[PDB]
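Below you'll find the structure, written out as structure tokens, and then a few comments.
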Amino acid sequence: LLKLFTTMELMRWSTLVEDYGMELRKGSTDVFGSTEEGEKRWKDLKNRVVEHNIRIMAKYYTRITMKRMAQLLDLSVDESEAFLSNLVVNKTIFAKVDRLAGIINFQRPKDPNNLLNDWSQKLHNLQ
Amino acid sequence: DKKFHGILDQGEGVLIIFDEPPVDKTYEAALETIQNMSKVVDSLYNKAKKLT
Amino acid sequence: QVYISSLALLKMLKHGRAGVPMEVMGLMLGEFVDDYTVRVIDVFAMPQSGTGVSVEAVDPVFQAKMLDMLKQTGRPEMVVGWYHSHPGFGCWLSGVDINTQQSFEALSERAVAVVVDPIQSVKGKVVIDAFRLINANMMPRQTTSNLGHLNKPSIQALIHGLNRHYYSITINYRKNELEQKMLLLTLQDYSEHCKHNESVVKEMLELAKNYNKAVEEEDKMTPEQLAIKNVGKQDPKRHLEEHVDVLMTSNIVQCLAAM
Amino acid sequence: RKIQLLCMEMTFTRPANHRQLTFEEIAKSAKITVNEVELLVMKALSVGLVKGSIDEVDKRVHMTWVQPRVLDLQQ
Amino acid sequence: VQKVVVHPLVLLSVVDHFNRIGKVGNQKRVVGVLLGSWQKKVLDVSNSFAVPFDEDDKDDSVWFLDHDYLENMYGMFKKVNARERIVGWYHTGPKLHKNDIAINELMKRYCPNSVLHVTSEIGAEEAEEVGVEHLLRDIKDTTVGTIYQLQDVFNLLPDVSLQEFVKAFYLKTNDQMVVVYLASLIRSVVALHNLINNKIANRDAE
Amino acid sequence: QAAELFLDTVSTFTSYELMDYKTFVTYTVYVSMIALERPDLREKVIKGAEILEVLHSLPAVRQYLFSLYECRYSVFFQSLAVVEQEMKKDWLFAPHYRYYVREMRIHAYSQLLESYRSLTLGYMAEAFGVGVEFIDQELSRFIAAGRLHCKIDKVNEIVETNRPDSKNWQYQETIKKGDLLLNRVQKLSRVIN
Amino acid sequence: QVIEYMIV
Amino acid sequence: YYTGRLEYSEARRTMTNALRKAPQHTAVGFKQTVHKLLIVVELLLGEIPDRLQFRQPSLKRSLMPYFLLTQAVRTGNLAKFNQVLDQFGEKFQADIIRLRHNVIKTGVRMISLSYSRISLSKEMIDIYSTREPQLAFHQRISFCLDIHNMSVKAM
């Protein structure tokens with residue numbers, strides 16, 4: 001959970017979970033055999049698959065595809081857009097998400113001079 | 001009076017957004033002032049021109 | 001007449017300015033050719049007492065031993081005489097004379113001291129002046145007519161009464177080209193360029209409104225230099241000039257170097 | 001994976017002003033597509049080996065990587 | 001850790017010191033120690049002895065001392081002023097080698113920071129520039145009255161890509177140009193106010 | 001300066017004899033939509049309870065008022081043709097009514113097509129019922145002035161509208177402005193002073 | 001405009 | 001001005017140099033035709049409404065024909081510019097494509113119905129800008145102030 005979760009690298013919804021289902025479930029929060037609210041907190045861990053790699057494609061990429069983001073996170077279009085809307089309404093990223101292919105673009109299409117400023121910032125034998 | 005982005009469509013029915021790189025103040029202060037100095041020059045015209 | 005290496009001037013101002021008022025003292029080193037031409041190369045900062053220092057600063061082991069040490073790996077020749085470091089007022093030496101004048105002829109008549117002023121000299125023209133033993137001998141030097149600028153001291157009675165004994169002459173100066181020569185970007189829209197042309201144009205707005213009120217008002221019923229330039233409610237118009245000056249040295253020049 | 005990571009990233013010596021290639025990486029990698037495009041530069045971009053964004057609608061990898069690497073006697 | 005500041009006290013002292021040792025021959029890396037306050041950014045404000053430098057003429061593998069002489073001048077300036085600690089030491093310009101790093105290491109005794117390199121700044125001369133501005137006569141300050149690293153050098157050079165950046169650069173220039181136009185106007189107006197002041201003044205002096 | 005000053009005044013001057021009311025609140029509610037900004041204090045015009053009850057007895061300027069924000073423009077041009085018949089009265093007259101009908105007209109068209117990225121010929125014809133050539137010649141005169149952003153795209157007979165913002169407004173404004181200002185000084189700063 | 005860019 | 005009496009590149013700077021010396025000079029000849037003739041040439045280059053008609057009431061010097069041709073180009077059709085030209089015919093200053101140029105500055109939209117109708121690198125259309133586009137105009141007023149120094153050399 002340290003080397004996987006803290007380092008900004010990809011995840012999976014449950015194949016690391018069913019890959020750990022003989023150890024992360026019982027082994028030797030998420031209480032339940034039949035306990036109330038042990039379920040939803042484990043569903044919270046599904047959100048830790050969701051909001052982690054949206055920070056990866058948000059921290060890394062421009063537009064991707066509706067389909068390619070829809071198959072990176074193994075969801076459909078709709079609940080990925082619902083998790084995305086949850087991820088933007090709480091003001092965490094700057095998503096230019098679109099219904100058509102011009103999706104989640106991380107860009108300022110008004111030309112502030114942040115680029116200008118960034119460029120400025122970037123700017124024996126004799127003994 | 002409410003978000004200054006929305007131009008919408010009839011045919012395909014979309015809603016284009018982020019119309020404007022909004023007002024930065026620069027030209028609005030500059031142009032405005034230059035309109036003042038006019039007043040001051042006219043006043044000078046009171047002294048210098050409405051004297052001589 | 002009296003000469004200096006001006007390292008003695010800078011160590012002089014260093015020891016003086018470091019210790020105000022405390023009247024810090026020391027004694028310099030040099031050589032003699034004629035009547036009073038005294039090259040001074042290094043001043044020797046003899047140490048400080050509690051708050052009142054006197055002839056007791058003429059120590060055996062400090063000036064003797066350290067005169068041997070910086071005789072060896074430094075200034076070889078004999079000392080000239082003392083100094084003294086008047087803070088505040090200038091140059092007059094009442095209790096200083098009984099601690100200085102009798103000390104000279106113990107060494108030689110070729111011996112001068114000098115009072116300096118590291119308080120009132122914030123300048124680049126520091127107050128320096130040596131003197132004589134005219135304790136006695138009221139009994140030549142064409143000078144081109146008495147040297148000039150000691151018919152212009154701060155002519156004050158206790159100072160000029162001190163000048164009866166004192167008789168300053170000159171302070172020469174040397175330096176070399178090397179030393180002379182030795183002594184002789186961006187920021188763009190961080191918030192910078194905006195928020196110092198978003199600022200100053202607003203004061204150009206309402207300060208130009210007050211300049212409108214100034215030219216409307218003073219056009220008529222104005223006399224006696226505008227009541228002495230409005231000492232009160234300072235200052236309309238000039239403010240506009242200053243504002244104009246501030247941006248045109250900034251919103252061009254380094255922006256120019258942007259290009 | 002690792003010699004694919006470094007040596008398939010290192011072969012990115014395209015002074016081509018601003019390096020932008022994916023079409024070379026399509027043919028330089030004996031591998032199926034966007035797994036070769038993203039995931040190699042996903043893990044190349046998590047650690048400091050390759051820095052820069054990727055468009056994959058455009059199929060466009062921008063890079064400004066640093067990696068002080070080669071002796072380069074003839075460079 | 002911070003850089004070094006300067007005081008030309010030590011500059012005139014070392015310059016006069018190489019006005020001393022400049023006899024016949026002896027182009028020497030004359031090493032002398034500094035004393036002064038050492039903390040975050042300082043100069044080690046005052047100089048000292050040297051125990052003058054001679055090796056054979058170039059066979060630079062033999063030393064100078066005393067450590068008791070270090071505390072002769074450093075010890076008895078404490079009788080004069082107690083604010084000081086040794087870090088600094090100099091030599092001639094401009095060449096250095098393992099002699100100098102061997103007096104950094106061998107004759108260390110405190111000196112964590114003493115380059116006379118990232119500590120590179122030649123200072124302001126606070127509170128004693130009166131003994132500098134008197135010493136800045138003829139010609140004046142201005143006139144007063146007037147492979148890995150080089151591999152990572154060109155990683156941040158290339159920019160002609162004017163689409164975006166070019167447009168941005170165009171824009172900023174335009175905006176700042178305008179500002180100047182706005183200004184270069186109100187100073188022309190107040191200058192004209194000085195014109196009518198002078199013309200009505202000399203007009204009334206007719 | 002006229003509307004707000006009027007607007008935030010109420011008016012009373014020695015039994016309103018220079019106000020000569022049956023005129024004042026009318027003068028406000030047909031001086032407003034020139035310069036009082038259509039979102040901002042136009043609500044302060046409409047839902048402002050100080051003027052609405054005294055234009056209640058004045059139904060002509062009333063139906064001139066709520067025929068902008070209610071988009072019933074087949075009666076609004078009718079309502080503005082009334083104002084171009086009571087332009088005759090006031091002695092502040094001629095380029096005030098020609099400019100006034102010009103800016104009521106231009107503000108009326110710019111209000112309509114700004115909400116749409118594409119304006120069809122039938123819906124712009126639906127604004128009154130004028131058809132084609134009124135909108136064609138007239139809007140071509142307005143874009144000849146360049147004060148809206150539309151254009152008579154007769155390729156499909158559907159008018160397009162994006163919006164380049166008022167960043168350029170300033171530039172174009174200040175060329176003329178700057179010139180005039182310097183010219184005044186150019187009128188003075190010679191020998192004649 | 002570096003050539004183009006009297007004020008003193 | 002007499003130098004002002006072909007090219008249009010400097011007729012307006014010699015119009016500024018021309019319209020200076022006439023407090024009260026004449027009523028025919030010298031004072032009259034300089035203003036109205038030079039602003040007519042200022043329409044021969046193509047400068048339209050907003051310096052024309054409110055600047056008229058200073059002179060009012062018989063004031064019919066040249067102003068009529070200014071609005072005959074401000075509208076810009078040959079049909080009534082004909083009767084400005086041929087029905088007047090004595091207006092003089094004899095020394096057409098410019099009022100054509102006004103209406104075709106618009107277009108229908110841009111191309112105009114597959115390159116064919118009649119009326120009668122900065123992807124923006126030419127609004128403003130922050131590069132070379134607006135720089136030219138900028139260095140206009142700077143130049144003006146610099147040229148206005150001359151003021152300091154006069155006392």
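Residue numbering restarts at 1 in every chain; chains get A, B, ... in the order shown in the structure tokens, and ligands count up from 1 in that same order.
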Distance table requested - chain H against chain E, cut-off 8 Å, only C-alpha atoms: one row per qualifying residue with the closest atom pair and its distance in Å to one decimal, ordered by chain and rising residue number, as CSV.
```
residue,atom,partner,partner_atom,distance
H:121,CA,E:163,CA,7.0
H:122,CA,E:167,CA,7.4
H:129,CA,E:171,CA,5.4
H:130,CA,E:171,CA,2.0
H:131,CA,E:170,CA,2.6
H:132,CA,E:170,CA,6.1
H:134,CA,E:174,CA,5.8
H:135,CA,E:174,CA,5.4
H:138,CA,E:178,CA,5.6
H:139,CA,E:177,CA,7.2
H:140,CA,E:181,CA,7.9
H:141,CA,E:181,CA,5.3
H:142,CA,E:181,CA,5.3
H:145,CA,E:184,CA,5.9
H:148,CA,E:188,CA,7.0
H:149,CA,E:188,CA,7.5
H:151,CA,E:192,CA,6.6
H:152,CA,E:195,CA,6.9
H:154,CA,E:195,CA,7.5
H:155,CA,E:199,CA,6.1
```
Write a file of the selected residues as an mmCIF file, in the first residue's frame, keeping C-alpha atoms.
```
data_model
loop_
_atom_site.group_PDB
_atom_site.id
_atom_site.type_symbol
_atom_site.label_atom_id
_atom_site.label_comp_id
_atom_site.auth_asym_id
_atom_site.auth_seq_id
_atom_site.Cartn_x
_atom_site.Cartn_y
_atom_site.Cartn_z
ATOM 1 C CA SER H 121 -0.709 33.267 -37.452
ATOM 2 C CA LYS H 122 -3.511 34.978 -35.401
ATOM 3 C CA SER H 129 -3.463 41.622 -30.328
ATOM 4 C CA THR H 130 -0.361 41.407 -28.093
ATOM 5 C CA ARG H 131 2.319 41.093 -30.789
ATOM 6 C CA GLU H 132 3.238 42.796 -34.093
ATOM 7 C CA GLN H 134 -0.886 46.332 -32.278
ATOM 8 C CA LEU H 135 2.781 47.295 -31.791
ATOM 9 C CA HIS H 138 1.510 51.683 -29.959
ATOM 10 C CA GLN H 139 4.793 53.324 -31.058
ATOM 11 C CA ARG H 140 2.627 56.054 -32.605
ATOM 12 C CA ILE H 141 1.956 57.950 -29.363
ATOM 13 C CA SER H 142 5.468 57.262 -28.047
ATOM 14 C CA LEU H 145 5.606 62.506 -27.118
ATOM 15 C CA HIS H 148 6.513 66.908 -28.506
ATOM 16 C CA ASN H 149 9.802 67.345 -26.583
ATOM 17 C CA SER H 151 8.349 71.972 -26.154
ATOM 18 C CA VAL H 152 11.259 71.879 -23.689
ATOM 19 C CA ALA H 154 11.251 76.834 -26.201
ATOM 20 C CA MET H 155 11.503 79.510 -23.485
#
```
**Message:** as a list in words, please: every residue in range 4-175 of chain F that DSSP puts in strand (DSSP E).
**Reply:** residues 118, 119, 120, 158, 159 and 160 of chain F
How would the residues just picked look written out with C-alpha atoms as a PDB file, in the first residue's frame?
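And here is the file that came out, selection-v2.pdb:
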```pdb
ATOM      1  CA  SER F 118     -26.262  30.098 -34.877  1.00  0.00           C
ATOM      2  CA  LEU F 119     -29.291  32.214 -35.780  1.00  0.00           C
ATOM      3  CA  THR F 120     -31.662  30.953 -38.460  1.00  0.00           C
ATOM      4  CA  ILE F 158     -28.214  31.103 -40.966  1.00  0.00           C
ATOM      5  CA  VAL F 159     -26.452  33.886 -39.060  1.00  0.00           C
ATOM      6  CA  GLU F 160     -23.376  32.875 -37.056  1.00  0.00           C
TER       7      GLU F 160
END
```
With the cut-off set at 12 Å and counting only C-alpha atoms, tabulate each residue of range 39-79 of chain A with an atom at most that distance from an atom of range 92-102 of chain A, showing the nearest atom pair and its distance in Å to one decimal, ordered by chain and increasing number, as a tab-separated table.
```
residue	atom	partner	partner_atom	distance
A:51	CA	A:92	CA	10.0
A:52	CA	A:92	CA	11.7
A:54	CA	A:93	CA	9.0
A:55	CA	A:93	CA	7.9
A:56	CA	A:93	CA	10.9
A:57	CA	A:93	CA	10.5
A:58	CA	A:93	CA	6.9
A:59	CA	A:93	CA	8.7
A:60	CA	A:93	CA	11.7
A:61	CA	A:95	CA	10.9
A:62	CA	A:96	CA	9.3
A:63	CA	A:102	CA	6.3
A:64	CA	A:101	CA	8.2
A:65	CA	A:101	CA	5.7
A:66	CA	A:101	CA	6.1
A:67	CA	A:101	CA	8.7
A:68	CA	A:101	CA	10.3
A:69	CA	A:101	CA	11.0
A:70	CA	A:101	CA	11.9
A:77	CA	A:99	CA	9.8
A:78	CA	A:99	CA	10.5
```
**Request:** For residue 3 in chain D, please output as an NGL selection string all residues within 12 Å (counting only C-alpha atoms; exclusion window: fewer than 6 positions along the same chain).
**Result:** :D and (9-11 or 29 or 40 or 44)
Hey, which bits of chain A sit within 7 Å of chain E, and for each residue what's the closest pair of atoms and how far apart in Å (one decimal), counting only C-alpha atoms, rows by chain and increasing number, as CSV?
```
residue,atom,partner,partner_atom,distance
A:111,CA,E:168,CA,6.2
A:113,CA,E:168,CA,6.3
A:115,CA,E:165,CA,6.9
A:116,CA,E:169,CA,6.8
A:122,CA,E:156,CA,6.6
A:127,CA,E:97,CA,6.0
```
For the selection just defined, write its residues with C-alpha atoms to a file, as a PDB file, in the first residue's frame.
```pdb
ATOM      1  CA  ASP A 111      -3.174  32.426 -23.271  1.00  0.00           C
ATOM      2  CA  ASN A 113       1.392  34.831 -19.635  1.00  0.00           C
ATOM      3  CA  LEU A 115       3.922  30.374 -20.249  1.00  0.00           C
ATOM      4  CA  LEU A 116       5.845  33.578 -20.829  1.00  0.00           C
ATOM      5  CA  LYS A 122      13.688  28.446 -17.645  1.00  0.00           C
ATOM      6  CA  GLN A 127      48.569  23.149 -11.871  1.00  0.00           C
TER       7      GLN A 127
END
```
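Within 9 Å of chain H, counting only C-alpha atoms, chain G contributes residues 4, 6 and 7 of chain G.
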Next, dump the selected residues to file, keeping only C-alpha atoms, as a tab-separated table (two decimals), in the first residue's frame.
```tsv
chain	number	residue	atom	x	y	z
G	4	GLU	CA	13.30	50.81	-32.30
G	6	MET	CA	14.95	59.93	-26.99
G	7	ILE	CA	13.43	59.53	-23.53
```
For the contact check between chain C and chain B, emit one row per residue of chain C within 8 Å, containing the shortest atom pair and the distance in Å rounded to one decimal, counting only C-alpha atoms, chain then rising number order, as a tab-separated table.
```
residue	atom	partner	partner_atom	distance
C:194	CA	B:26	CA	7.9
C:197	CA	B:26	CA	7.3
C:198	CA	B:26	CA	6.3
C:201	CA	B:29	CA	6.4
C:202	CA	B:29	CA	6.8
C:204	CA	B:33	CA	7.3
C:205	CA	B:33	CA	5.4
C:208	CA	B:37	CA	7.1
C:209	CA	B:36	CA	7.3
C:211	CA	B:40	CA	7.3
C:212	CA	B:40	CA	4.9
C:215	CA	B:43	CA	6.4
C:216	CA	B:43	CA	5.8
C:219	CA	B:47	CA	5.6
```
Would you save the residues of that selection, restricted to N, CA, C and O atoms, as a PDB file, in the first residue's frame?
```
ATOM      1  N   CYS C 194       1.555  43.125 -14.278  1.00  0.00           N
ATOM      2  CA  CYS C 194       0.174  43.502 -14.015  1.00  0.00           C
ATOM      3  C   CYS C 194       0.079  44.356 -12.761  1.00  0.00           C
ATOM      4  O   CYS C 194      -0.258  45.540 -12.827  1.00  0.00           O
ATOM      5  N   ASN C 197       1.285  47.673 -13.085  1.00  0.00           N
ATOM      6  CA  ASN C 197       0.587  48.648 -13.919  1.00  0.00           C
ATOM      7  C   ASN C 197      -0.922  48.584 -13.697  1.00  0.00           C
ATOM      8  O   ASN C 197      -1.671  49.391 -14.254  1.00  0.00           O
ATOM      9  N   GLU C 198      -1.387  47.634 -12.884  1.00  0.00           N
ATOM     10  CA  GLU C 198      -2.748  47.729 -12.365  1.00  0.00           C
ATOM     11  C   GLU C 198      -2.802  48.705 -11.208  1.00  0.00           C
ATOM     12  O   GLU C 198      -3.847  49.304 -10.928  1.00  0.00           O
ATOM     13  N   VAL C 201      -1.761  53.072 -12.504  1.00  0.00           N
ATOM     14  CA  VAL C 201      -2.638  53.784 -13.426  1.00  0.00           C
ATOM     15  C   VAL C 201      -3.894  54.248 -12.688  1.00  0.00           C
ATOM     16  O   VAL C 201      -4.548  55.222 -13.080  1.00  0.00           O
ATOM     17  N   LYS C 202      -4.198  53.613 -11.556  1.00  0.00           N
ATOM     18  CA  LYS C 202      -5.314  54.072 -10.730  1.00  0.00           C
ATOM     19  C   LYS C 202      -4.967  55.371 -10.001  1.00  0.00           C
ATOM     20  O   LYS C 202      -5.803  56.280  -9.882  1.00  0.00           O
ATOM     21  N   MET C 204      -2.839  57.376 -11.256  1.00  0.00           N
ATOM     22  CA  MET C 204      -2.879  58.330 -12.353  1.00  0.00           C
ATOM     23  C   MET C 204      -4.303  58.791 -12.634  1.00  0.00           C
ATOM     24  O   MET C 204      -4.506  59.957 -12.997  1.00  0.00           O
ATOM     25  N   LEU C 205      -5.293  57.910 -12.431  1.00  0.00           N
ATOM     26  CA  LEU C 205      -6.691  58.316 -12.545  1.00  0.00           C
ATOM     27  C   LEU C 205      -7.047  59.380 -11.523  1.00  0.00           C
ATOM     28  O   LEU C 205      -7.320  60.530 -11.889  1.00  0.00           O
ATOM     29  N   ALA C 208      -4.768  62.333 -11.239  1.00  0.00           N
ATOM     30  CA  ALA C 208      -4.958  63.250 -12.352  1.00  0.00           C
ATOM     31  C   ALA C 208      -6.294  63.973 -12.200  1.00  0.00           C
ATOM     32  O   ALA C 208      -6.490  65.044 -12.781  1.00  0.00           O
ATOM     33  N   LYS C 209      -7.217  63.403 -11.415  1.00  0.00           N
ATOM     34  CA  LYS C 209      -8.405  64.160 -11.024  1.00  0.00           C
ATOM     35  C   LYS C 209      -8.042  65.274 -10.055  1.00  0.00           C
ATOM     36  O   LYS C 209      -8.601  66.376 -10.123  1.00  0.00           O
ATOM     37  N   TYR C 211      -5.118  66.616 -10.061  1.00  0.00           N
ATOM     38  CA  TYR C 211      -4.371  67.554 -10.888  1.00  0.00           C
ATOM     39  C   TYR C 211      -5.322  68.426 -11.693  1.00  0.00           C
ATOM     40  O   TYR C 211      -5.032  69.600 -11.956  1.00  0.00           O
ATOM     41  N   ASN C 212      -6.463  67.858 -12.093  1.00  0.00           N
ATOM     42  CA  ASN C 212      -7.545  68.652 -12.664  1.00  0.00           C
ATOM     43  C   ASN C 212      -8.026  69.693 -11.669  1.00  0.00           C
ATOM     44  O   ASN C 212      -8.202  70.864 -12.018  1.00  0.00           O
ATOM     45  N   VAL C 215      -5.347  72.489 -11.428  1.00  0.00           N
ATOM     46  CA  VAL C 215      -5.222  73.447 -12.527  1.00  0.00           C
ATOM     47  C   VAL C 215      -6.493  74.289 -12.644  1.00  0.00           C
ATOM     48  O   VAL C 215      -6.444  75.473 -13.004  1.00  0.00           O
ATOM     49  N   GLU C 216      -7.648  73.707 -12.290  1.00  0.00           N
ATOM     50  CA  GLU C 216      -8.885  74.488 -12.226  1.00  0.00           C
ATOM     51  C   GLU C 216      -8.824  75.538 -11.122  1.00  0.00           C
ATOM     52  O   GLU C 216      -9.407  76.622 -11.252  1.00  0.00           O
ATOM     53  N   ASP C 219      -5.791  78.411 -11.296  1.00  0.00           N
ATOM     54  CA  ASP C 219      -5.862  79.225 -12.506  1.00  0.00           C
ATOM     55  C   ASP C 219      -6.232  80.669 -12.154  1.00  0.00           C
ATOM     56  O   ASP C 219      -5.694  81.620 -12.719  1.00  0.00           O
TER      57      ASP C 219
END
```
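Excluding residue 114 in chain A itself and same-chain residues fewer than 6 positions from it, the residues having an atom within 10 Å of it are residues 108 and 120 of chain A; 188, 189, 190 and 191 of chain C; 168 of chain E, counting only C-alpha atoms.
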For the residues in the current selection, export C-alpha atoms as a tab-separated table (two decimals), in the first residue's frame.
```
chain	number	residue	atom	x	y	z
A	108	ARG	CA	-5.40	27.34	-20.66
A	120	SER	CA	11.63	33.39	-18.35
C	188	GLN	CA	7.32	39.20	-16.08
C	189	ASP	CA	3.70	38.34	-15.33
C	190	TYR	CA	4.35	36.54	-12.10
C	191	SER	CA	1.89	39.02	-10.63
E	168	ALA	CA	1.60	35.27	-25.93
```
**Request:** Tell me the residues of chain G close to chain C, meaning within 10 Å using only C-alpha atoms, as a list in words.
**Result:** residues 1, 2, 5 and 7 of chain G
Proximity of chain F to chain H: per-residue shortest pair, 12 Å limit, only C-alpha atoms, as JSON lines:
```
{"residue": "F:95", "atom": "CA", "partner": "H:54", "partner_atom": "CA", "distance": 11.2}
{"residue": "F:133", "atom": "CA", "partner": "H:119", "partner_atom": "CA", "distance": 11.7}
{"residue": "F:136", "atom": "CA", "partner": "H:108", "partner_atom": "CA", "distance": 9.4}
{"residue": "F:137", "atom": "CA", "partner": "H:119", "partner_atom": "CA", "distance": 9.1}
{"residue": "F:139", "atom": "CA", "partner": "H:108", "partner_atom": "CA", "distance": 10.8}
{"residue": "F:140", "atom": "CA", "partner": "H:106", "partner_atom": "CA", "distance": 7.7}
{"residue": "F:141", "atom": "CA", "partner": "H:75", "partner_atom": "CA", "distance": 9.3}
{"residue": "F:142", "atom": "CA", "partner": "H:106", "partner_atom": "CA", "distance": 10.5}
{"residue": "F:143", "atom": "CA", "partner": "H:106", "partner_atom": "CA", "distance": 7.5}
{"residue": "F:144", "atom": "CA", "partner": "H:106", "partner_atom": "CA", "distance": 6.3}
{"residue": "F:145", "atom": "CA", "partner": "H:106", "partner_atom": "CA", "distance": 9.8}
{"residue": "F:146", "atom": "CA", "partner": "H:106", "partner_atom": "CA", "distance": 9.4}
{"residue": "F:149", "atom": "CA", "partner": "H:125", "partner_atom": "CA", "distance": 11.3}
{"residue": "F:150", "atom": "CA", "partner": "H:109", "partner_atom": "CA", "distance": 9.0}
{"residue": "F:151", "atom": "CA", "partner": "H:109", "partner_atom": "CA", "distance": 5.5}
{"residue": "F:152", "atom": "CA", "partner": "H:108", "partner_atom": "CA", "distance": 5.4}
{"residue": "F:153", "atom": "CA", "partner": "H:109", "partner_atom": "CA", "distance": 4.7}
{"residue": "F:154", "atom": "CA", "partner": "H:108", "partner_atom": "CA", "distance": 6.6}
{"residue": "F:155", "atom": "CA", "partner": "H:113", "partner_atom": "CA", "distance": 4.9}
{"residue": "F:156", "atom": "CA", "partner": "H:113", "partner_atom": "CA", "distance": 8.6}
{"residue": "F:157", "atom": "CA", "partner": "H:113", "partner_atom": "CA", "distance": 10.2}
{"residue": "F:158", "atom": "CA", "partner": "H:109", "partner_atom": "CA", "distance": 10.3}
{"residue": "F:159", "atom": "CA", "partner": "H:109", "partner_atom": "CA", "distance": 8.8}
{"residue": "F:160", "atom": "CA", "partner": "H:109", "partner_atom": "CA", "distance": 9.0}
{"residue": "F:161", "atom": "CA", "partner": "H:109", "partner_atom": "CA", "distance": 11.3}
{"residue": "F:162", "atom": "CA", "partner": "H:124", "partner_atom": "CA", "distance": 11.2}
{"residue": "F:163", "atom": "CA", "partner": "H:124", "partner_atom": "CA", "distance": 10.7}
{"residue": "F:164", "atom": "CA", "partner": "H:127", "partner_atom": "CA", "distance": 7.6}
{"residue": "F:165", "atom": "CA", "partner": "H:127", "partner_atom": "CA", "distance": 8.9}
{"residue": "F:166", "atom": "CA", "partner": "H:127", "partner_atom": "CA", "distance": 9.1}
{"residue": "F:167", "atom": "CA", "partner": "H:128", "partner_atom": "CA", "distance": 7.1}
{"residue": "F:168", "atom": "CA", "partner": "H:128", "partner_atom": "CA", "distance": 4.4}
{"residue": "F:169", "atom": "CA", "partner": "H:127", "partner_atom": "CA", "distance": 7.7}
{"residue": "F:170", "atom": "CA", "partner": "H:128", "partner_atom": "CA", "distance": 8.5}
{"residue": "F:171", "atom": "CA", "partner": "H:128", "partner_atom": "CA", "distance": 6.1}
{"residue": "F:172", "atom": "CA", "partner": "H:128", "partner_atom": "CA", "distance": 7.4}
{"residue": "F:173", "atom": "CA", "partner": "H:128", "partner_atom": "CA", "distance": 10.6}
{"residue": "F:174", "atom": "CA", "partner": "H:137", "partner_atom": "CA", "distance": 10.0}
{"residue": "F:175", "atom": "CA", "partner": "H:137", "partner_atom": "CA", "distance": 7.4}
{"residue": "F:176", "atom": "CA", "partner": "H:50", "partner_atom": "CA", "distance": 9.2}
{"residue": "F:177", "atom": "CA", "partner": "H:141", "partner_atom": "CA", "distance": 11.2}
{"residue": "F:178", "atom": "CA", "partner": "H:141", "partner_atom": "CA", "distance": 7.5}
{"residue": "F:179", "atom": "CA", "partner": "H:141", "partner_atom": "CA", "distance": 8.0}
{"residue": "F:180", "atom": "CA", "partner": "H:51", "partner_atom": "CA", "distance": 9.9}
{"residue": "F:181", "atom": "CA", "partner": "H:141", "partner_atom": "CA", "distance": 10.1}
{"residue": "F:182", "atom": "CA", "partner": "H:144", "partner_atom": "CA", "distance": 7.7}
{"residue": "F:183", "atom": "CA", "partner": "H:16", "partner_atom": "CA", "distance": 9.3}
{"residue": "F:184", "atom": "CA", "partner": "H:16", "partner_atom": "CA", "distance": 11.8}
{"residue": "F:185", "atom": "CA", "partner": "H:148", "partner_atom": "CA", "distance": 9.1}
{"residue": "F:186", "atom": "CA", "partner": "H:148", "partner_atom": "CA", "distance": 8.5}
{"residue": "F:187", "atom": "CA", "partner": "H:20", "partner_atom": "CA", "distance": 8.4}
{"residue": "F:188", "atom": "CA", "partner": "H:20", "partner_atom": "CA", "distance": 10.4}
{"residue": "F:189", "atom": "CA", "partner": "H:151", "partner_atom": "CA", "distance": 7.1}
{"residue": "F:190", "atom": "CA", "partner": "H:151", "partner_atom": "CA", "distance": 8.1}
{"residue": "F:191", "atom": "CA", "partner": "H:154", "partner_atom": "CA", "distance": 9.1}
{"residue": "F:192", "atom": "CA", "partner": "H:20", "partner_atom": "CA", "distance": 9.5}
{"residue": "F:193", "atom": "CA", "partner": "H:151", "partner_atom": "CA", "distance": 11.0}
```
**Prompt:** Quick one: distance from CA of residue 31 in chain D to CA of residue 67 in chain D in Å, one decimal?
**Reply:**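 These two atoms are separated by 24.7 Å.
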**Prompt:** residue 79 in chain E: which residues within 12 Å, counting only C-alpha atoms, same-chain residues fewer than 2 positions away excluded, as a PyMOL selection string?
**Reply:** (chain C and resi 45-50+57+59+62) or (chain E and resi 71-77+81-84)
**Expected answer as a list in words: helix (DSSP H, G or I) residues in chain D** =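 Checking each residue of chain D, the helix (DSSP H, G or I) ones are residues 2, 3, 4, 5, 6, 7, 8, 9, 10, 23, 24, 25, 26, 27, 28, 35, 36, 37, 38, 39, 40, 41, 42, 43, 44, 45 and 46 of chain D.
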